[PDB]
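In what follows, a structure is listed as C-alpha coordinates, so that the remarks can point back to it.
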Amino acid sequence: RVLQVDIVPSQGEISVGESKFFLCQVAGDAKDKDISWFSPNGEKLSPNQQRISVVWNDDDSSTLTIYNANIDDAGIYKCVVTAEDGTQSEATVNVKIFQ
(Lines of atoms letter the chains of each structure in order from A and count residues from 1; the text may use other names and numbers.)
(Lines give C-alpha, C1' and ligand atoms only; values in the text may rest on other atoms or scores of the structure.)
Protein backbone atom coordinates (compact mmCIF):
# COMPACT_ATOMS: atom_id res chain seq x y z
CA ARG A 1 0.00 0.00 0.00
CA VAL A 2 2.48 2.66 1.22
CA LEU A 3 4.21 1.53 4.44
CA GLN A 4 7.83 0.38 4.01
CA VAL A 5 10.41 -0.93 6.52
CA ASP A 6 13.95 -2.36 6.37
CA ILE A 7 16.60 -3.04 9.04
CA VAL A 8 20.34 -2.76 8.30
CA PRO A 9 22.49 -4.80 8.38
CA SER A 10 20.46 -7.93 7.51
CA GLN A 11 22.69 -10.15 9.66
CA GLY A 12 24.87 -8.53 12.34
CA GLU A 13 27.27 -10.90 14.10
CA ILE A 14 28.68 -9.43 17.33
CA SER A 15 30.81 -10.44 20.34
CA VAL A 16 30.06 -10.07 24.08
CA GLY A 17 31.10 -6.68 25.46
CA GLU A 18 30.63 -5.03 22.02
CA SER A 19 27.85 -2.62 21.04
CA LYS A 20 25.54 -2.89 17.99
CA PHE A 21 22.85 -0.61 16.53
CA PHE A 22 20.38 -1.56 13.77
CA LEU A 23 18.98 1.14 11.47
CA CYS A 24 15.22 0.80 10.82
CA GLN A 25 14.47 2.93 7.75
CA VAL A 26 10.97 3.42 6.30
CA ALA A 27 9.09 4.59 3.20
CA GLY A 28 5.50 5.66 2.45
CA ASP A 29 2.86 8.16 3.60
CA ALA A 30 -0.15 6.19 4.94
CA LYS A 31 -1.36 8.64 7.63
CA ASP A 32 0.55 9.00 10.94
CA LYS A 33 3.11 6.20 11.40
CA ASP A 34 4.60 4.72 14.58
CA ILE A 35 7.62 2.47 15.29
CA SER A 36 8.13 -0.54 17.61
CA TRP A 37 10.87 -3.08 18.44
CA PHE A 38 10.37 -6.74 19.43
CA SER A 39 13.09 -8.75 21.17
CA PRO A 40 13.76 -12.40 19.96
CA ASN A 41 11.92 -13.71 23.06
CA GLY A 42 8.64 -12.73 21.34
CA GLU A 43 8.11 -9.48 23.23
CA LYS A 44 8.62 -5.71 22.80
CA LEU A 45 11.63 -4.15 24.55
CA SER A 46 11.66 -0.82 26.41
CA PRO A 47 14.14 2.05 25.65
CA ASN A 48 14.99 2.64 29.35
CA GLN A 49 15.35 -0.94 30.67
CA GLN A 50 18.84 -2.39 30.05
CA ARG A 51 21.93 -2.02 27.76
CA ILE A 52 19.51 -2.14 24.79
CA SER A 53 18.60 1.53 24.20
CA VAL A 54 16.13 2.38 21.39
CA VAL A 55 15.92 5.74 19.58
CA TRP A 56 13.68 7.59 17.10
CA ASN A 57 15.35 10.19 14.82
CA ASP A 58 14.00 10.69 11.25
CA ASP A 59 10.27 11.10 10.39
CA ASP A 60 9.77 7.37 11.04
CA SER A 61 13.30 5.85 11.32
CA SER A 62 14.45 4.23 14.59
CA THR A 63 17.71 2.54 15.62
CA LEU A 64 17.99 -0.40 18.04
CA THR A 65 21.18 0.13 20.04
CA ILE A 66 22.57 -2.72 22.16
CA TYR A 67 25.63 -1.74 24.24
CA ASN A 68 27.15 -4.63 26.36
CA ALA A 69 25.97 -7.49 24.10
CA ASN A 70 25.16 -10.93 25.54
CA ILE A 71 24.29 -14.40 24.18
CA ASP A 72 20.75 -13.77 25.52
CA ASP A 73 20.30 -10.66 23.33
CA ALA A 74 21.52 -12.61 20.25
CA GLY A 75 18.34 -13.24 18.24
CA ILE A 76 15.98 -12.11 15.47
CA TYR A 77 14.97 -8.57 16.50
CA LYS A 78 11.87 -6.98 14.93
CA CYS A 79 10.78 -3.54 13.76
CA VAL A 80 7.01 -3.06 13.44
CA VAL A 81 5.41 0.18 12.25
CA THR A 82 1.68 1.05 12.64
CA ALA A 83 -0.75 3.21 10.63
CA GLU A 84 -3.44 5.63 11.85
CA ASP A 85 -6.26 3.16 11.10
CA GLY A 86 -4.28 0.04 12.06
CA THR A 87 -2.31 -1.07 8.95
CA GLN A 88 1.03 -2.05 10.52
CA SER A 89 4.12 -3.08 8.56
CA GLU A 90 7.28 -4.83 9.85
CA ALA A 91 10.93 -5.88 9.48
CA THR A 92 13.62 -8.10 11.09
CA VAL A 93 17.36 -8.50 11.73
CA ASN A 94 19.37 -11.64 12.60
CA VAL A 95 21.63 -10.41 15.43
CA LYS A 96 24.24 -12.88 16.76
CA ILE A 97 26.46 -12.79 19.87
CA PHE A 98 29.44 -15.01 20.76
CA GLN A 99 30.90 -15.23 24.28
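Quick note, the sequence shown lines up with residues 263 to 361 if you use this note's numbering.
Don't be surprised by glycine CBs; every beta carbon is placed ideally from N, CA and C.
In three-state DSSP terms, what is residue i?
i    : result
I333 : coil
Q312 : coil
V264 : coil
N319 : coil
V278 : coil
Would you list the residues sitting across from residue i in a DSSP beta bridge?
i    : result
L285 : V270, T325
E305 : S301
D296 : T344
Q350 : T344
In its own chain, which residues sit with a C-beta less than 7 Å from the C-beta of residue i, not counting the 5 before and 5 after it?
i    : result
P302 : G337, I338, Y339
Label residue i either buried or exposed according to how many other C-beta atoms from any shown protein chain fall within 10 Å of its C-beta, with 16 as the threshold for buried.
i    : result
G274 : buried
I333 : exposed
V264 : exposed
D322 : buried
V317 : exposed
Cutting at 8 Å between CB atoms, please list the residues of its own chain near residue i, excluding the five before and the five after it.
i    : result
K293 : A345, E346, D347
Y329 : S281, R313, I314, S315
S324 : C286, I297, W299, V316, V317, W318, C341
On a Cα-Cα basis, can you pick out the residue from the options that is closest to residue i?
i    : options                : result
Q350 : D296, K358, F283       : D296
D335 : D322, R263, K306       : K306
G290 : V267, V357, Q361, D320 : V267
Please go through the same chain and pick out, in chain order, the residues whose beta-carbon is closer than 6 Å to the beta-carbon of residue i, but skip the five residues on each side of it.
i           : result
residue 205 : The question about residue 205 has no answer, for the chain in this structure spans 263 to 361.
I269        : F284, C286, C341, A353, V355
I276        : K282, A331, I359
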